[PDB]
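Working notes, beginning with the structure itself.
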Amino acid sequence: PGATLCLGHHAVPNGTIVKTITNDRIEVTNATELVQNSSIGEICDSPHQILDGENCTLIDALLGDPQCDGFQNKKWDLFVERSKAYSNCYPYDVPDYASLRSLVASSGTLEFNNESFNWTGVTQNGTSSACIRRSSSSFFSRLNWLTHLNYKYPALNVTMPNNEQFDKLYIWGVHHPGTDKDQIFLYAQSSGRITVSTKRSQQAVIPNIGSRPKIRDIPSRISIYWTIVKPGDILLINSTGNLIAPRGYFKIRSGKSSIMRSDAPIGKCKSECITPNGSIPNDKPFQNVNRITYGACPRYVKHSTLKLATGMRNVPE
Amino acid sequence: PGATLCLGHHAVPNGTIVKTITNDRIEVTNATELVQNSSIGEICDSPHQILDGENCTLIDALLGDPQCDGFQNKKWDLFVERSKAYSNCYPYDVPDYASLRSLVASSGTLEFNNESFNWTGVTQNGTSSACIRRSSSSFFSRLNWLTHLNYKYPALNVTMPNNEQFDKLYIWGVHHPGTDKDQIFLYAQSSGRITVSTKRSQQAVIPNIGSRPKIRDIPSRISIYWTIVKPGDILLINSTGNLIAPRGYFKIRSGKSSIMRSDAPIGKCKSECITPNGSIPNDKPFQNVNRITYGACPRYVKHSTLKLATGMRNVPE
Amino acid sequence: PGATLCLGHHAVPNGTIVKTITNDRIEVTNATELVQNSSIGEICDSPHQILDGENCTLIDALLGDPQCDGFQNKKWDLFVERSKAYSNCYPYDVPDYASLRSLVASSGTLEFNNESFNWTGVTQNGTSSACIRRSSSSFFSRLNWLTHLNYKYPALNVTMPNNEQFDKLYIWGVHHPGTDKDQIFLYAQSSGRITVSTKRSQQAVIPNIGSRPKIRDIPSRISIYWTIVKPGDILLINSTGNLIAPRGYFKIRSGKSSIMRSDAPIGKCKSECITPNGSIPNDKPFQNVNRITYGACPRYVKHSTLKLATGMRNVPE
Ligand SMILES: *[C@@H]1O[C@H](CO)[C@@H](O[C@@H]2O[C@H](CO)[C@@H](O[C@@H]3O[C@H](CO)[C@@H](O)[C@H](O)[C@@H]3O)[C@H](O)[C@H]2NC(C)=O)[C@H](O)[C@H]1NC(C)=O
Ligand SMILES: *[C@@H]1O[C@H](CO)[C@@H](O[C@@H]2O[C@H](CO)[C@@H](O[C@@H]3O[C@H](CO)[C@@H](O)[C@H](O)[C@@H]3O)[C@H](O)[C@H]2NC(C)=O)[C@H](O)[C@H]1NC(C)=O
Ligand SMILES: *[C@@H]1O[C@H](CO)[C@@H](O[C@@H]2O[C@H](CO)[C@@H](O[C@@H]3O[C@H](CO)[C@@H](O)[C@H](O)[C@@H]3O)[C@H](O)[C@H]2NC(C)=O)[C@H](O)[C@H]1NC(C)=O
Ligand SMILES: *[C@@H]1O[C@H](CO)[C@@H](O[C@@H]2O[C@H](CO)[C@@H](O)[C@H](O)[C@H]2NC(C)=O)[C@H](O)[C@H]1NC(C)=O
Ligand SMILES: *[C@@H]1O[C@H](CO)[C@@H](O[C@@H]2O[C@H](CO)[C@@H](O)[C@H](O)[C@H]2NC(C)=O)[C@H](O)[C@H]1NC(C)=O
Ligand SMILES: *[C@@H]1O[C@H](CO)[C@@H](O[C@@H]2O[C@H](CO)[C@@H](O)[C@H](O)[C@H]2NC(C)=O)[C@H](O)[C@H]1NC(C)=O
Ligand SMILES: *[C@@H]1O[C@H](CO)[C@@H](O[C@@H]2O[C@H](CO)[C@@H](O)[C@H](O)[C@H]2NC(C)=O)[C@H](O)[C@H]1NC(C)=O
Ligand SMILES: *[C@@H]1O[C@H](CO)[C@@H](O[C@@H]2O[C@H](CO)[C@@H](O)[C@H](O)[C@H]2NC(C)=O)[C@H](O)[C@H]1NC(C)=O
Ligand SMILES: *[C@@H]1O[C@H](CO)[C@@H](O[C@@H]2O[C@H](CO)[C@@H](O)[C@H](O)[C@H]2NC(C)=O)[C@H](O)[C@H]1NC(C)=O
Ligand SMILES: *[C@@H]1O[C@H](CO)[C@@H](O)[C@H](O)[C@H]1NC(C)=O
Ligand SMILES: *[C@@H]1O[C@H](CO)[C@@H](O)[C@H](O)[C@H]1NC(C)=O
Ligand SMILES: *[C@@H]1O[C@H](CO)[C@@H](O)[C@H](O)[C@H]1NC(C)=O
Ligand SMILES: *[C@@H]1O[C@H](CO)[C@@H](O)[C@H](O)[C@H]1NC(C)=O
Ligand SMILES: *[C@@H]1O[C@H](CO)[C@@H](O)[C@H](O)[C@H]1NC(C)=O
Ligand SMILES: *[C@@H]1O[C@H](CO)[C@@H](O)[C@H](O)[C@H]1NC(C)=O
Ligand SMILES: *[C@@H]1O[C@H](CO)[C@@H](O)[C@H](O)[C@H]1NC(C)=O
Ligand SMILES: *[C@@H]1O[C@H](CO)[C@@H](O)[C@H](O)[C@H]1NC(C)=O
Ligand SMILES: *[C@@H]1O[C@H](CO)[C@@H](O)[C@H](O)[C@H]1NC(C)=O
């Protein structure tokens with residue numbers, strides 16, 4: 001009579017197709033997806049400190065456009081710039097805009113310390129109807145539009161030492177008036193010149209008078225520049241007109257801070273990984289949601305799906 | 001008596017040596033090469049639309065050097081620049097030449113639309129004996145050399161709105177005459193100034209008078225600049241002399257177009273992959289022909305040969 | 001009675017833990033480390049030709065700061081810049097400093113050939129008390145500070161052809177004096193202008209008069225520029241004041257030369273691979289000593305240890 005003893009393995013009714021080195025379609029008992037392909041559609045506000053820029057670019061929060069006053073001295077891990085953002089102050093450009101945005105985003109703070117420059121022989125606090133703060137002609141909060149006093153603009157030659165233990169970031173500008181009349185009306189002479197220097201750097205700018213296409217009726221422009229002053233170094237601002245002066249300095253830190261362009265809403269939840277589409281889970285090693293990421297994120301790949309086998313070959317019958 | 005039954009495998013007289021993880025030389029029955037190591041020596045004219053630059057660089061076809069007139073309004077997938085190319089018009093330089101070449105190559109068209117600027121109070125259509133078109137002093141086809149009329153050069157302040165649905169690329173320049181005599185002879189005053197602006201950009205250039213080493217007897221130079229004008233934006237050209245003006249705009253597209261330096265002839269054949277050496281087959285995943293490629297190409301590697309085993313270990317006797 | 005024959009394998013009392021695809025800790029009989037994690041703490045002077053910069057940056061050895069006179073005409077495979085380096089000549093900056101440093105480091109030579117420019121109508125060999133050579137006011141060895149002769153500075157317009165078979169690298173500058181008095185005291189007129197050109201390039205610089213913060217009592221600055229002249233091309237130096245002129249050219253080679261910042265001492269020993277920490281052995285394929293390397297080096301990785309099994313699984317008892 002005897003007996004029979006059969007050795008065997010399980011199978012399932014609902015197997016999953018995976019790829020191998022030798023077969024592009026083979027059925028296994030179970031698999032798990034390694035490419036995260038979805039976001040929750042919102043940026044979770046923990047654990048990273050998120051600053052929603054709302055109507056303001058980071059640079060407009062830096063300069064101090066009036067709609068951005070609530071951003072003064074704020075800090076962030078990630079600044080979120082919205083596509084609806086708009087400027088509503090004096091028209092300006094920034095040569096190497098991208099670099100200024102980057103270095104400020106990376107620093108993660110708009111901490112600003114006022115300094116007294118002793119501007120002697122000029123009118124301070126120039127305003128404009130293109131920059132309205134509380135129904136009143138105004139200007140960039142962190143900039144000081146210096147004009148003539150008594151049809152005189154004497155040569156400024158001003159020193160600000162850095163006696164602190166941290167670096168200072170000075171933001172300043174140069175006014176390019178629309179016509180020759182304006183050049184005289186504000187600075188009482190035809191040729192501006194600005195030199196901003198330290199021991200190790202010098203930035204000399206000549207204004208360029210003329211019409212640019214009008215933005216809120218203004219054919220003139222301000223061009224923005226920046227200067228970092230190390231401890232033991234000295235800012236030296238030598239100018240004879242057309243200086244849009246600093247009111248102080250920004251702290252410049254190094255850390256983990258950045259900036260991202262997104263229109264996703266901010267939600268009350270926890271997620272380590274942020275993309276412009278929203279936060280994504282980070283269990284999986286890869287993702288195809290967005291090449292732009294911040295935090296502990298799966299690596300971006302161009303595959304919609306990669307299934308890792310977690311069981312044997314499925315052999316029904 | 002009984003029988004014998006032997007199990008076995010084939011072998012071949014002409015095996016091939018491959019590399020493995022454990023052995024750098026092992027013989028298998030057959031292998032296939034994964035590194036493409038040869039080109040046909042010519043650039044196949046299908047499936048990619050090839051434009052042979054012949055004696056012309058892309059920038060000379062853009063500006064409109066007289067030998068390049070046949071390139072007006074042409075389109076390409078790949079522009080091929082030959083090493084025999086030479087310029088034969090007024091000497092010029094392009095600050096950030098590489099970027100202009102790149103953006104035009106990438107756009108893939110020299111489609112040009114003429115516009116009427118209404119230059120009032122200046123002579124248009126200045127010519128030079130260094131730029132000969134049909135045995136006649138001439139100039140860049142797409143540029144307009146403006147000089148004085150009646151020893152007067154009044155301040156130009158000219159607007160061209162972009163009311164189209166596509167971007168416009170303006171190419172223009174600044175004449176740097178050789179001596180002070182020339183500055184007066186052409187512009188009837190000593191100091192040129194050019195400002196070209198949009199709502200968002202401004203490019204201000206001062207000419208610089210003096211001798212550069214002569215090229216076809218010319219110690220003067222033109223410097224070339226470009227300006228992109230978006231829909232709803234406005235070009236504004238404010239100048240008091242030394243303007244080499246645009247006659248219109250180039251369409252600027254985005255697509256799959258590029259440029260390549262090669263001396264390989266163009267042939268009538270089909271090949272997806274182009275290198276400077278010529279077209280290469282793209283069956284193999286890798287190639288060692290050239291790091292420069294266009295199209296569906298094997299990836300460049302620093303290996304002359306990589307043989308993939310396609311059979312068992314070859315064990316003769 | 002019969003016999004027993006047992007098949008088996010060795011084991012050791014002192015096994016080593018390795019990682020596999022399926023197990024992060026498994027014991028094998030032996031392993032070898034693939035990440036080099038230590039340096040000898042000194043830069044071996046063979047087989048690479050090492051030039052210890054000591055108190056001198058490469059740029060100070062180029063210009064010819066007096067403490068760097070021993071570097072004249074030296075060659076290197078690797079120039080080593082020390083953190084104690086300091087400048088002790090006239091204060092200067094170099095726009096795109098990084099690029100000048102790179103191209104000279106890569107060239108691997110300070111071979112300098114004097115040329116006669118025939119400076120006619122100017123005083124040559126201007127000196128300064130900020131640049132002391134042998135207890136005597138002096139200047140950069142490779143630069144020629146041209147000032148007025150008899151309160152006249154006539155317009156220089158000087159040509160130097162390259163009739164050699166190699167490229168020439170010209171280094172030159174522009175003096176930015178501290179005040180308007182100085183501008184007259186040295187150049188006997190208010191407006192300098194410098195144009196340096198070749199057939200294919202032009203560099204026009206305007207000086208900018210004013211105070212920068214003093215360095216060894218000097219509020220003025222020299223700005224350094226460079227020009228490469230190919231065979232058959234011509235240097236043309238057109239200037240009306242404020243030219244810090246070249247005394248000749250540097251040979252510019254291409255080869256395997258570079259530069260490294262390190263404070264490690266130089267030792268008498270042989271090692272193919274150099275890092276800022278010192279030379280490292282290059283038997284192993286990887287290293288975690290430094291991302292900065294020169295020579296035949298293991299590849300930098302972010303792992304402290306990677307043990308490759310060199311024996312079977314160790315199964316004691
Ligand atoms: C150089 O030319 C430009 C272009 O014409 C001049 O700027 C233009 O000035 C006019 C006159 O004020 C502006 O027109 C006005 O527009 C407003 C806005 O809707 C409207 O309310 C008025 O009825 C009038 O049409 C126009 O905006 C402006 N154009 C641009 C592109 O900025 C400029 O004045 C000239 N330069 C000098 C120094 O005059
Ligand atoms: C600044 O100096 C330069 C260099 O000497 C002057 O340019 C030179 O001008 C001469 C005189 O016309 C040119 O010489 C001629 O060359 C042709 C070409 O083969 C030949 O047919 C003539 O017999 C004569 O030798 C020379 O080409 C030219 N050199 C360079 C490098 O461009 C320049 O004129 C001076 N600046 C001013 C404003 O005068
Ligand atoms: C523009 O303003 C600056 C800043 O005040 C002026 O430069 C400064 O000039 C003074 C006077 O010589 C220097 O002070 C001296 O310092 C030395 C060094 O220890 C000391 O021995 C003297 O007793 C005296 O205190 C000062 O160094 C210098 N400051 C800087 C930052 O460079 C400059 O002179 C003004 N511009 C013009 C054209 O005058
Ligand atoms: C198929 O395999 C996956 C991965 O092994 C299983 O998913 C895990 O399930 C456990 C429950 O025991 C969870 O705690 C884990 O979070 C899951 N891991 C992952 C990576 O998702 C899944 O349960 C398996 N399915 C079956 C039917 O056994
Ligand atoms: C996440 O956002 C990206 C970027 O917006 C989305 O990818 C874009 O999708 C649009 C329209 O669907 C395409 O026209 C673009 O070409 C895509 N951009 C890129 C860079 O590929 C993406 O679909 C979003 N993903 C998820 C899961 O929401
Ligand atoms: C050695 O192996 C290669 C690859 O398997 C064979 O080359 C293929 O041959 C077929 C003919 O049946 C062609 O249609 C394919 O285009 C070839 N493939 C490649 C990648 O070249 C080759 O024939 C084999 N040699 C022998 C003797 O069997
Ligand atoms: C394809 O073209 C390249 C570039 O011309 C060739 O590689 C060069 O060959 C020359 C002389 O034979 C060498 O001096 C260069 O160093 C090579 N350049 C590079 C970048 O490596 C290459 O041999 C050609 N290949 C084929 C198959 O024709
Ligand atoms: C453990 O394995 C390593 C690598 O196989 C052995 O190290 C080698 O030892 C030989 C001596 O026969 C030396 O010549 C080599 O330079 C060593 N190679 C490396 C990469 O270090 C080691 O000896 C083995 N240990 C034992 C006990 O067998
Ligand atoms: C080799 O040198 C590097 C660079 O100096 C050392 O790494 C730095 O160590 C300091 C202090 O120990 C840290 O503050 C830095 O963050 C490190 N720099 C980087 C870029 O990581 C390194 O320890 C040295 N390695 C050895 C083996 O000596
Ligand atoms: C942003 O700007 C829009 C349009 O001007 C305005 O209606 C809205 O209230 C602003 N929102 C914030 C948060 O400032
Ligand atoms: C200018 O404005 C600043 C900042 O608000 C203020 O402290 C100061 O009173 C004003 N100064 C002058 C000179 O009007
Ligand atoms: C500041 O520079 C201007 C011109 O750049 C000059 O007139 C003035 O003397 C300088 N400052 C002083 C007070 O020296
Ligand atoms: C290109 O230039 C050469 C030399 O000037 C000339 O002989 C040739 O005909 C030109 N070829 C074309 C296609 O324009
Ligand atoms: C200048 O040349 C253009 C383009 O060929 C032509 O349309 C026009 O007739 C000329 N204009 C003047 C003012 O001579
Ligand atoms: C154009 O600019 C010049 C100087 O830049 C100026 O004289 C002129 O007024 C400007 N155009 C007009 C007509 O306003
Ligand atoms: C380098 O400079 C220091 C400090 O001035 C000096 O004491 C030392 O002798 C110098 N060393 C060399 C090698 O020039
Ligand atoms: C200037 O110095 C150079 C280099 O030391 C020397 O050859 C020459 O004699 C001097 N020239 C004049 C004009 O004083
Ligand atoms: C050199 O340039 C200056 C102004 O840039 C000019 O006055 C002079 O004529 C030029 N050289 C000569 C001798 O032509």
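Letters A, B, ... are given to chains in the order of the sequence lines, protein chains preceding strands, and every chain is numbered from 1. Hydrogens, waters and symmetry mates are skipped; everything else that's a heavy atom, side chains included, is used.
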Check: Which residues, numbered in order, of residues 157-173 of chain A come under 4.5 angstrom of chain C by heavy-atom distance?
Finding: A:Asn157
Margin query: Report, in residue-number order, which members of residues 196-204 of chain A are under 4.5 Å from chain C by heavy-atom distance.
Written below: A:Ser197, A:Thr198, A:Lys199, A:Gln202, A:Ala204
Next item on the list: For side-chain contact (heavy atoms from CB on, under 4.5 Å), just list the numbers for A:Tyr300 and A:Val35, CA-CA rounded to whole Å, side-chain angles, deciding distance to a tenth of an Å, and then say yes or no.
Entry: CA-CA 9 Å; A:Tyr300 183 79; A:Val35 182; over 6 Å; no
Do the side chain of [X] and the main chain of [Y] share a donor and acceptor less than 3.5 angstrom apart?
X	Y	result
C:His176	C:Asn208	yes
C:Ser137	C:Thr127	no
C:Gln287	C:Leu34	no

Check: Would you call the rings of A:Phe112 and A:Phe250 parallel, tilted or perpendicular if under 30° counts as parallel and over 60° as perpendicular?
Finding: perpendicular
Next item on the list: Measure the acute angle between the ring planes of C:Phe139 and C:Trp145, then classify it against the limits of 30° and 60° as parallel, tilted or perpendicular.
Entry: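 If you compare the ring of C:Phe139 with that of C:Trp145, the planes turn out tilted.
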Margin query: Does C:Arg313, at its CZ atom, have more than 12 non-hydrogen atoms belonging to other residues, nucleotides or ligands within less than 6.0 Å?
Written below: no
Next item on the list: Assess the side chains of A:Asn30 and A:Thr310: does a donor N or O sit below 3.5 Å from an acceptor N or O?
Entry: yes
Note to self: Check this for me: does any side-chain nitrogen of one of C:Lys84 and C:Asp263 sit under 4.0 Å from a carboxylate oxygen of the other?
What the structure shows: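 Salt bridge: no.
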